[PDB]
Amino acid sequence: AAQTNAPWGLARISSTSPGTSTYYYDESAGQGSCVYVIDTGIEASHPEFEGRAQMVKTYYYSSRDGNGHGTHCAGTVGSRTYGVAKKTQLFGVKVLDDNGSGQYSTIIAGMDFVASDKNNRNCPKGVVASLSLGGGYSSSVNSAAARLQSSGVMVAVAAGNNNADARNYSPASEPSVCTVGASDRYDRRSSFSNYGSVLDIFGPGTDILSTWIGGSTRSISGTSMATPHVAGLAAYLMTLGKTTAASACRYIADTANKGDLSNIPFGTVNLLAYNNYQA
Ligand SMILES: [Ca+2]
Ligand SMILES: [Ca+2]
């Protein structure tokens, strides 16, 4: 299948070179997989989700996304127009308030929830979790991310946006999960992207068009936007039977575009998420 005039990021992940505008993907499109977006919520009623999205848990007064951030990330995972895995099932877990912040204790609770909840869902091709959030180092937070991964969920997390070594941020610094850096449409490391030996992979993160609240769309930038590209890719590959939750991050790294990125400091991987599609 081919989506013409696609968002640049979707084009980038199905191409060996920058500057193309068609997203090439197998028609299976993540069907039978499930992705938990742990964030500000998801506006499930947005037409772009086609009824494939639902809120399953909130830690605040309502389950609505009053912010936009969660809806944007979810769109990049699995909306029709803006998503990597266009037929996946999306589940929303609201651990961030409508200002986009949340206590570590709540974020941990949301991760433990997913490890359990997945056992009540029909996700025959596997389960992914996308975490476009983080803060200062906490061994508790890292440990929660490690538990979620260990339970058989592919965990993808943002490297963070401090233009610094991700070793000082959580859950970015947990080695066992898939830590995602950001690139721009010219194959530069995004100027804000964290780096360091703990990064596993890069994805598109500068000027990413996706869904927003009020049934709208907008472009924003962040390692928050790169993470769902990788989460979406994992769900897509699991559906095709190429990898499993336990080994998806390693498979994505092994099959990536290598050496394409500029402004990567010594000690940081030069690996860009790639779907290897051949028609
Ligand atoms: Ca290349
Ligand atoms: Ca890792």
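Note that the numbering runs from 1 along the sequence shown for the chain. Because only heavy atoms are used, hydrogens play no part in the values below, and waters and symmetry mates are left out as well, while side chains stay in. Counting starts at 1 for both ligands and their atoms, following the listed order.
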Where the Ca ion (ligand 2) is the centre, what is the O-to-OD1 angle for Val177 and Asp200, rounded to 10°? 120°
Examine all N, O or S atoms of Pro175, backbone included, and report whether one is under 3.0 Å from the Ca ion (ligand 2). yes
Answer with yes or no whether the side chains of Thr223 and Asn161 bring together a donor and an acceptor at under 3.5 Å. yes
On the six-membered ring of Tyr251, is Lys242 placed so that its NZ or CZ lies under 6.0 angstrom from the centre and within 45° of the ring axis? no
Is a side-chain N or O of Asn194 found less than 3.5 angstrom from the main chain of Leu199, in a donor-acceptor match? no
The Ca ion (ligand 1) reached by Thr16 (N, O or S, under 3.0 Å): yes
Anything under 30° is parallel, anything over 60° is perpendicular, the rest tilted; go ahead and classify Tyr277 against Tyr24. parallel
